[PDB]
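Only one structure is covered here, and it is reproduced in the block below.
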Protein chains: 2
Amino acid sequence: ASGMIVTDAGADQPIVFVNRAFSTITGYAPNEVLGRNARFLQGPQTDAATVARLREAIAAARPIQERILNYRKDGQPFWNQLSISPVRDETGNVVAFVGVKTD
Amino acid sequence: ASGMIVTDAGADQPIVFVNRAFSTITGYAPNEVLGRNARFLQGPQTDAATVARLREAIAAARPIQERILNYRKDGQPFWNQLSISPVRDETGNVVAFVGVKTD
Ligand SMILES: Cc1cc2nc3c(=O)[nH]c(=O)nc-3n(C[C@H](O)[C@H](O)[C@H](O)COP(=O)(O)O)c2cc1C
Ligand SMILES: Cc1cc2nc3c(=O)[nH]c(=O)nc-3n(C[C@H](O)[C@H](O)[C@H](O)COP(=O)(O)O)c2cc1C
């Protein structure tokens, strides 16, 4: 199974759902992450240019894939092959964002 | 806000998340629907041919949009402009399905 994060569309994209795989991968339980922006997964060695590309894509509701250095709850660095896409209604309104970690 | 349902990919797509708009629209709380296939929203005058097109598209992990008759918890019918899409990882594995109601 691949990790999955779902966020609200607006106002800095707080997490509303993580799948079981997310907790296996990151060591974080759902209650520890709901209502937070996913940027808490980043750490000292995270590439700022990669973070900026995610920021611009999410702001514009553009799909993006990045290999980004993330950090488990226990602090272990892991490479996150991250893909983010908007969820739209048929009018084109953004309803949510979905992020997947590909192992 | 538009209604959104997220399901597992496999084994008859049990619901794993519904947004707040889902509960406003349908009258169901998350604890009433999590772990169930979304077909409980259908009822006696739901169009069988429409349900068959949804079944075939989801089985194939193909996006689909239909206008389908659904029923609130209290039994009141509502027209659901429903769009369902797979969520894939970068290997092409289906991680989840997402369903949206367009007002
Ligand atoms: C649905 C979704 C999932 C995300 N998943 C991750 C993730 O797994 N790891 C990560 O470092 N950032 C993730 N992000 C990105 C951060 O939330 C944030 O958008 C990014 O750090 C850029 O914004 P900032 O410069 O304001 O931090 C995700 C964003 C969204 C919308
Ligand atoms: C993510 C997702 C959301 C769904 N949302 C709805 C819905 O809002 N209303 C509905 O009638 N069916 C919905 N369905 C469809 C049913 O779950 C089911 O796939 C459909 O009734 C066809 O299969 P069946 O013939 O086995 O019932 C959804 C399915 C998925 C995967």
_Whichever residue in the stretch A:69-94 is assigned to a strand (DSSP E or B) and of a type in the set (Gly, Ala, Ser) and, among such residues, is nearest to B:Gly92 (Cα to Cα)_ = A:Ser83
*Please state which one of B:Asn31, B:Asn37 is away from chain A (no Cβ under 13 Å), under 23 Å from A:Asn19 (Cα atoms) and within 9 Å of ligand 2 (Cβ to nearest atom).*
B:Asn37
*Every residue from the stretch B:71-95 that is among the hydrophobic types (A, V, I, L, M, F, W, C), closer than 24 Å to A:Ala1 by Cβ, surrounded by 18 or more Cβ atoms within 10 Å (Cβ to Cβ) and more than 8 Å from chain A (Cβ to nearest Cβ)*: B:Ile84
*Quick one: is A:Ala29 exposed (fewer than 14 other Cβ atoms within 10 Å of the Cβ) and either more than 9 Å from ligand 1 (Cβ to nearest atom) or in contact (Cβ under 8 Å) with a residue 40 or more places away in the chain (or both)?*
yes
_Complete set of residues in the stretch A:1-24 that are within 15 Å of B:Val95 (Cα to Cα), surrounded by fewer than 21 Cβ atoms within 10 Å (Cβ to Cβ) and hydrophobic (A, V, I, L, M, F, W, C)_ = A:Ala1, A:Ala21
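Table: residues versus (1) within 26 Å of A:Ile64 (Cβ to Cβ); (2) more than 16 Å from ligand 1 (Cβ to nearest atom); (3) hydroxyl-bearing (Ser, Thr, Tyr).
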residue	(1), (2), (3)
B:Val33	no, yes, no
B:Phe40	no, yes, no
B:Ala59	no, yes, no
B:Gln65	yes, yes, no
B:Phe78	no, yes, no
B:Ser83	yes, yes, yes
B:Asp89	yes, no, no
B:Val95	yes, no, no
B:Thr102	yes, yes, yes
*Hey, can you tell me all the residues within the stretch A:46-57 that are more than 30 Å from B:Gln65 (Cβ to Cβ) and near ligand 1 (Cβ under 9 Å from one of its atoms)?*
A:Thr46, A:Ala48, A:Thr50, A:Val51, A:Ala52, A:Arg53, A:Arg55
*Quick one: how many residues across the stretch B:54-70 are surrounded by 14 or more Cβ atoms within 10 Å (Cβ to Cβ) and either away from every other protein chain (no Cβ under 13 Å) or in contact with a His (Cβ under 6 Å, 6 or more places away or on another chain) (or both)?*
7
*asked:* Looking only at the stretch A:1-56, count every residue that is of a type in the set (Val, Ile, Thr), within 24 Å of B:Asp8 (Cβ to Cβ) and outside any helix (DSSP H, G or I) and tell me the total.
replied: 6
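Here, each number is a calculation from the coordinates, and none is a lab measurement. Please note: Cβ atoms are built from the backbone with ideal geometry, for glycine as well, and neighbour counts cover all protein chains shown.
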